[PDB]
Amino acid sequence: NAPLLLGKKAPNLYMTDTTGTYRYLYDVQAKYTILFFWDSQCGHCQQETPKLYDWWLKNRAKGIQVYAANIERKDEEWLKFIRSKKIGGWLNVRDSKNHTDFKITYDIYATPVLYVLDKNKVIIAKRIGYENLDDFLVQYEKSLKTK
């Protein structure tokens, strides 16, 4: 695996939603997709996940989905976190059908990890913090105009 690059299509993910039903990354329709890899075992009070959710609630009508890719190999703790932290509204998925190698394909070590993708799943931001999203989207859109 070569490391991921700006301007390349993010690798597809064949992950499943909270009902166990396939929701492929490439099948998501959204002006921007936030690809977000996370792990409930990082703690019940982990900060990035619910704060991104709060951000998403405020910005989603702009045409933004979060493909919230939980990296765990069991359902129980993932679902418990979704319920208790009340983050069920976005696209929660897990690799329940074993199609994703998070280390080879996406280089996931420490979690959480965030990518911003455009409408065609091209990588436009790599591993930036949720707190830099608003500014990243402003500058990105200005950059489309200039040229």
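Counting begins at 1, following the sequence as shown.
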Practice prompt. Could you check the entry and say whether 113-121 or 59-67 has the higher mean CA B-factor?
Written response: 59-67
Response to the item:
Once average C-alpha B-factors are taken from the entry for 2-10 and 138-146, the winner is 138-146
Worksheet item: Checking the entry, which one of 52, 91, 82, 108 has the top C-alpha B factor?
Response: 108
Response to the item:
Of the three thirds of the chain ranked by Cα temperature factor, residue 48 occupies the middle
Discussion item. Using only modelled residues of the chain, where does the Cα B factor of residue 100 rank: lowest third, middle third or highest third?
Written reply: highest
Worksheet, complete the sentence: So, residue 30's CA B-factor, relative to its chain, sits in which third? The middle
